[PDB]
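A.B. asks: Can you keep this structure in mind? I'll have questions shortly.
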Amino acid sequence: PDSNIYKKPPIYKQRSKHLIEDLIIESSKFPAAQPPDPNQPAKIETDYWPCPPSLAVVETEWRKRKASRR
Amino acid sequence: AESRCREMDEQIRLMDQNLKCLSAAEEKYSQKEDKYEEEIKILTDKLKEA
Amino acid sequence: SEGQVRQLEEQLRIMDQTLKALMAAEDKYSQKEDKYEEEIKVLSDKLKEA
Amino acid sequence: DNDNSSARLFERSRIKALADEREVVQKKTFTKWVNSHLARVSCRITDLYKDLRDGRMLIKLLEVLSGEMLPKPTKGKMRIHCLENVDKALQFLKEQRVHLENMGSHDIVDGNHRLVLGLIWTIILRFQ
Amino acid sequence: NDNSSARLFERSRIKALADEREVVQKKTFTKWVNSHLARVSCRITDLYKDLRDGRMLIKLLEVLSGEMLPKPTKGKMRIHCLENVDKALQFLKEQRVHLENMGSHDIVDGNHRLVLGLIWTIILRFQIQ
């Protein structure tokens, strides 16, 4: 009854080879096959995400557009 | 907003008509009380005569 | 539409504030009348006894 | 219908008016109390009902008050990520054995006034 | 209408993501193949074009496995290239490695995804010496 879901580690986390081949194996895990750009926002932050956002963000965007229109 | 406006208009018209009815009764109450005091006067001088 | 909504809201508030005074006057008129009723019946009983 | 109209007049005027005055005063006072503690970091809220929807500022306020590190918010701008971010703060409150009743993530996200005010009041009663 | 927007979404997003991952993996795969091919006097510049005749694949398997492969056929025709690719693929079948949707004409015709998949399977499952 009193526990936090997010503080626990994920369930799937619980369970010689050439070094360069290990490097190419763990380089392929990233979606872009390379380490991500540090100061770049993720795909969810970007506004070209096709799915519509929450309503409060739409009201904020409307108010920004209205202040731009003057 | 327009759908709200129409039901507000209905409300104000109905309640205005209610106010008119209450004012109409409030007019009659005063002459009613005066006619009631006249009975006091008649009854007390009848009592003295008796 | 928004402007019309809020001005009619103000009208509704003013008019209910108007109606409350008629309510109070009605109540106090009736509370004045009932003791006149109780007075005349007692004094008429005294007159009949005399 | 006349006495029915009078009863509707009474419960439209007085019950609404007293509750609205009390909740407006409580909203201003709670806004000042939250702004005092949230000014240690560079954060400020203008409206209590609107800025608390996304759940980030609730996490910042709980981090300032409690003093340890809550899990970082879910990286998103959708309704589901919003619900997740509010649920994180609610679960962290469930750690501290603070008793919350009729409180859910969707109630904060939708912006129910009474439940948001009650959440702020419960936080004030705990962390003062 | 809806179909035009769906086509635009497909052509932008799917192709952009696929090409980006494909060129990154091709670059790093080419560097790895050159690193293992530097023992002999061999070097490839483009992964798709240089693997068509099948000599580089045979020499790469010769270097990696450390055991002798059959002699490549003599010729410059398309069918000789099919022979040279088939020898290397059949040797990979001999080393118990499971290749899927693999044929000689795919390597000879230079299909990008299948070439990258073959190189990735060689990187993953093939044991070296």
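Going by the structure tokens order, chains are called A, B, ..., each with residues numbered from 1, while ligands are numbered from 1 in the order shown.
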Can you write out as CSV which residues of stretch 5-77 of chain D fall within 12 Å of stretch 110-122 of chain D, alongside each residue's closest atom pair and its distance in Å to one decimal, counting only C-alpha atoms and ordering rows by chain and ascending residue number?
C.D. replies:
```
residue,atom,partner,partner_atom,distance
D:19,CA,D:114,CA,10.3
D:20,CA,D:113,CA,10.7
D:22,CA,D:114,CA,11.1
D:23,CA,D:114,CA,8.1
D:24,CA,D:113,CA,10.3
D:25,CA,D:117,CA,11.1
D:26,CA,D:117,CA,7.8
D:27,CA,D:117,CA,7.3
D:28,CA,D:117,CA,10.8
D:29,CA,D:121,CA,10.5
D:30,CA,D:120,CA,7.2
D:31,CA,D:120,CA,9.5
D:32,CA,D:120,CA,11.8
D:33,CA,D:120,CA,9.7
D:34,CA,D:120,CA,8.7
D:47,CA,D:111,CA,11.4
D:48,CA,D:116,CA,8.4
D:49,CA,D:111,CA,6.0
D:50,CA,D:111,CA,7.2
D:51,CA,D:111,CA,9.9
D:52,CA,D:111,CA,8.5
D:53,CA,D:111,CA,6.8
D:54,CA,D:110,CA,10.2
D:55,CA,D:111,CA,11.6
D:58,CA,D:120,CA,9.7
D:61,CA,D:120,CA,10.5
D:62,CA,D:120,CA,10.9
```
A.B. asks: Could you save those same residues with C-alpha atoms as a short mmCIF file (atom, residue, chain, number, x, y, z; two decimals), in the first residue's frame?
C.D. replies:
```cif
data_model
loop_
_atom_site.label_atom_id
_atom_site.label_comp_id
_atom_site.auth_asym_id
_atom_site.auth_seq_id
_atom_site.Cartn_x
_atom_site.Cartn_y
_atom_site.Cartn_z
CA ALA D 19 -18.03 29.83 -1.17
CA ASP D 20 -16.65 31.97 -4.01
CA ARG D 22 -13.73 32.06 0.61
CA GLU D 23 -12.07 30.25 -2.29
CA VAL D 24 -10.84 33.51 -3.87
CA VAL D 25 -9.21 34.56 -0.58
CA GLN D 26 -7.73 31.07 -0.12
CA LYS D 27 -6.42 31.13 -3.71
CA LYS D 28 -4.59 34.44 -3.19
CA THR D 29 -3.11 33.36 0.15
CA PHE D 30 -2.00 29.96 -1.17
CA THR D 31 -0.45 31.65 -4.21
CA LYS D 32 1.63 33.90 -1.95
CA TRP D 33 2.67 30.97 0.26
CA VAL D 34 3.76 28.87 -2.73
CA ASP D 47 -2.37 31.25 -11.61
CA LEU D 48 -2.70 28.38 -9.15
CA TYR D 49 -5.19 26.41 -11.26
CA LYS D 50 -3.40 26.66 -14.62
CA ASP D 51 0.31 26.38 -13.82
CA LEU D 52 -0.16 23.30 -11.61
CA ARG D 53 -1.69 21.26 -14.44
CA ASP D 54 1.53 20.09 -16.12
CA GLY D 55 2.84 18.63 -12.85
CA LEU D 58 4.32 20.49 -8.17
CA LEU D 61 7.63 22.63 -4.92
CA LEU D 62 7.80 19.19 -3.30
#
```
A.B. asks: Which residues, written as a PDB file with N, CA, C and O atoms, in the first residue's frame, have at least one atom at most 9 Å from residue C:50, with only C-alpha atoms counted and residues fewer than 5 positions away on the same chain left out?
C.D. replies:
```pdb
ATOM      1  N   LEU B  47     -67.954  48.259  22.442  1.00  0.00           N
ATOM      2  CA  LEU B  47     -67.713  47.763  23.797  1.00  0.00           C
ATOM      3  C   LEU B  47     -68.055  48.814  24.851  1.00  0.00           C
ATOM      4  O   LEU B  47     -68.672  48.496  25.877  1.00  0.00           O
ATOM      5  N   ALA B  50     -71.782  49.136  25.151  1.00  0.00           N
ATOM      6  CA  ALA B  50     -72.331  48.007  25.899  1.00  0.00           C
ATOM      7  C   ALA B  50     -72.055  48.133  27.395  1.00  0.00           C
ATOM      8  O   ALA B  50     -72.851  47.670  28.221  1.00  0.00           O
TER       9      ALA B  50
ATOM     10  N   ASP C  45     -64.484  38.841  22.047  1.00  0.00           N
ATOM     11  CA  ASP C  45     -64.925  37.956  23.123  1.00  0.00           C
ATOM     12  C   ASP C  45     -65.319  38.753  24.363  1.00  0.00           C
ATOM     13  O   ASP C  45     -66.352  38.475  24.994  1.00  0.00           O
TER      14      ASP C  45
END
```
A.B. asks: Please provide the set of residues having any atom within 10 Å of stretch 76-79 of chain E, restricted to only C-alpha atoms, with same-chain residues fewer than 4 positions apart removed, written as JSON, numbers by chain.
C.D. replies: {"E": [52, 53, 83, 84, 85, 104, 105, 108, 109]}
A.B. asks: Residues of the last selection are to be written out with C-alpha atoms, as a short mmCIF file (atom, residue, chain, number, x, y, z; two decimals), in the first residue's frame.
C.D. replies:
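Saved result, out_17.cif, follows:
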```cif
data_model
loop_
_atom_site.label_atom_id
_atom_site.label_comp_id
_atom_site.auth_asym_id
_atom_site.auth_seq_id
_atom_site.Cartn_x
_atom_site.Cartn_y
_atom_site.Cartn_z
CA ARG E 52 29.44 -7.27 -55.93
CA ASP E 53 32.07 -9.50 -57.53
CA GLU E 83 29.29 -18.13 -58.16
CA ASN E 84 31.71 -16.10 -56.05
CA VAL E 85 28.94 -14.79 -53.78
CA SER E 104 23.50 -14.42 -54.59
CA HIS E 105 21.47 -12.04 -56.76
CA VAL E 108 25.25 -8.96 -56.90
CA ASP E 109 22.42 -6.46 -57.47
#
```
A.B. asks: Would you list the contacts of residue B:40 as a list in words, taking every protein, DNA or RNA residue within 12 Å and counting only C-alpha atoms, but skipping same-chain residues closer than 5 positions in sequence?
C.D. replies: residues 33, 34, 35, 45, 46 and 47 of chain B; 36, 37, 38, 39, 40, 41, 42, 43, 44 and 47 of chain C
A.B. asks: Using only C-alpha atoms and a cut-off of 12 Å, which residues of chain B sit close to chain D? Please list them as number ranges by chain.
C.D. replies: B: 11, 14-19, 21-22
A.B. asks: In Å, with one decimal, what is the gap from atom CA of residue A:66 to atom CA of residue D:46?
C.D. replies: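 Answer for the atom CA of residue A:66 to atom CA of residue D:46 separation: 19.0 Å.
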A.B. asks: Could you write out, as a ChimeraX atom specification, all the residues of chain D that DSSP marks as helix (DSSP H, G or I)?
C.D. replies: /D:2-38,48-51,56-66,79-95,105-110,113-126
A.B. asks: Select from chain E every residue with an atom at most 10 Å from any atom of chain A, then for each give the shortest pair of atoms and their distance in Å to one decimal, using only C-alpha atoms, rows by chain and rising number, as a tab-separated table.
C.D. replies:
```
residue	atom	partner	partner_atom	distance
E:9	CA	A:50	CA	9.0
E:17	CA	A:32	CA	7.8
E:18	CA	A:32	CA	9.2
E:20	CA	A:32	CA	7.0
E:21	CA	A:32	CA	5.3
E:22	CA	A:33	CA	8.7
E:23	CA	A:33	CA	9.6
E:24	CA	A:33	CA	6.6
E:25	CA	A:33	CA	6.7
E:28	CA	A:24	CA	8.0
E:29	CA	A:24	CA	8.6
E:32	CA	A:20	CA	8.4
E:120	CA	A:25	CA	9.3
E:123	CA	A:21	CA	6.9
E:124	CA	A:25	CA	7.7
E:127	CA	A:17	CA	9.2
E:128	CA	A:18	CA	8.9
```
A.B. asks: Please provide the set of residues having any atom within 10 Å of residue C:8, restricted to only C-alpha atoms, with same-chain residues fewer than 4 positions apart removed, written as a list in words.
C.D. replies: residues 5, 8, 9 and 12 of chain B; 3, 4, 12, 13 and 14 of chain C
A.B. asks: Export, as a PDB file, in the first residue's frame, the selected residues with N, CA and C atoms.
C.D. replies:
```pdb
ATOM      1  N   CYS B   5     -26.337  32.302 -23.624  1.00  0.00           N
ATOM      2  CA  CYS B   5     -27.070  33.570 -23.675  1.00  0.00           C
ATOM      3  C   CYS B   5     -28.577  33.350 -23.711  1.00  0.00           C
ATOM      4  N   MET B   8     -30.018  32.186 -20.257  1.00  0.00           N
ATOM      5  CA  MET B   8     -30.065  33.380 -19.407  1.00  0.00           C
ATOM      6  C   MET B   8     -31.216  34.330 -19.749  1.00  0.00           C
ATOM      7  N   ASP B   9     -31.506  34.537 -21.039  1.00  0.00           N
ATOM      8  CA  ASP B   9     -32.626  35.407 -21.407  1.00  0.00           C
ATOM      9  C   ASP B   9     -33.956  34.850 -20.901  1.00  0.00           C
ATOM     10  N   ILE B  12     -34.189  35.554 -17.079  1.00  0.00           N
ATOM     11  CA  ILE B  12     -34.472  36.927 -16.660  1.00  0.00           C
ATOM     12  C   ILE B  12     -35.926  37.292 -16.945  1.00  0.00           C
TER      13      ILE B  12
ATOM     14  N   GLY C   3     -19.057  39.419 -24.055  1.00  0.00           N
ATOM     15  CA  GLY C   3     -19.486  40.670 -23.444  1.00  0.00           C
ATOM     16  C   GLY C   3     -20.963  40.674 -23.098  1.00  0.00           C
ATOM     17  N   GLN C   4     -21.795  40.140 -24.007  1.00  0.00           N
ATOM     18  CA  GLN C   4     -23.227  40.052 -23.728  1.00  0.00           C
ATOM     19  C   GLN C   4     -23.508  39.161 -22.520  1.00  0.00           C
ATOM     20  N   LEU C  12     -28.833  40.258 -13.951  1.00  0.00           N
ATOM     21  CA  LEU C  12     -29.480  39.236 -13.128  1.00  0.00           C
ATOM     22  C   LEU C  12     -29.185  39.439 -11.645  1.00  0.00           C
ATOM     23  N   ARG C  13     -27.927  39.758 -11.317  1.00  0.00           N
ATOM     24  CA  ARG C  13     -27.573  39.995  -9.917  1.00  0.00           C
ATOM     25  C   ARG C  13     -28.317  41.201  -9.347  1.00  0.00           C
ATOM     26  N   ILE C  14     -28.393  42.290 -10.122  1.00  0.00           N
ATOM     27  CA  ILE C  14     -29.098  43.489  -9.661  1.00  0.00           C
ATOM     28  C   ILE C  14     -30.571  43.176  -9.403  1.00  0.00           C
TER      29      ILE C  14
END
```
A.B. asks: Take atom CA of residue A:12 and atom CA of residue D:84 and report the distance between them in Å, one decimal.
C.D. replies: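 Atom CA of residue A:12 sits 20.7 Å away from atom CA of residue D:84.
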A.B. asks: Which one is closest to chain B: C:10, C:20, C:28, C:1? Count only C-alpha atoms.
C.D. replies: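 Going through C:10, C:20, C:28, C:1 one by one, the smallest distance to chain B is for C:1.
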A.B. asks: Could you work out how far atom CA of residue E:75 lies from atom CA of residue E:62, giving the answer in Å with one decimal?
C.D. replies: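 Atom-to-atom, atom CA of residue E:62 and atom CA of residue E:75 are spaced 20.2 Å apart.
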A.B. asks: Applying 9 Å and only C-alpha atoms, which residues near stretch 90-92 of chain D remain after dropping the ones on its own chain fewer than 6 positions away? List them as a list in words.
C.D. replies: residues 2, 3, 4 and 5 of chain A; 62, 70, 100, 103, 104 and 105 of chain D
A.B. asks: Applying 9 Å and only C-alpha atoms, which residues near residue A:42 remain after dropping the ones on its own chain fewer than 3 positions away? List them as a ChimeraX atom specification.
C.D. replies: /A:45-46 /D:75
A.B. asks: I need the chosen residues saved as a compact mmCIF listing (two decimals), in the first residue's frame, with N, CA, C and O atoms.
C.D. replies:
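As written to disk, selection-v7.txt reads:
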```txt
# COMPACT_ATOMS: atom_id res chain seq x y z
N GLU A 45 9.70 16.42 -27.29
CA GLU A 45 9.69 17.87 -27.12
C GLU A 45 9.40 18.59 -28.43
O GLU A 45 8.77 19.66 -28.43
N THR A 46 9.87 18.05 -29.55
CA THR A 46 9.75 18.72 -30.83
C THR A 46 8.29 18.82 -31.26
O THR A 46 7.49 17.92 -31.04
N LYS D 75 9.40 12.94 -19.88
CA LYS D 75 9.74 13.88 -20.94
C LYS D 75 8.64 13.85 -21.99
O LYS D 75 8.67 13.05 -22.93
```
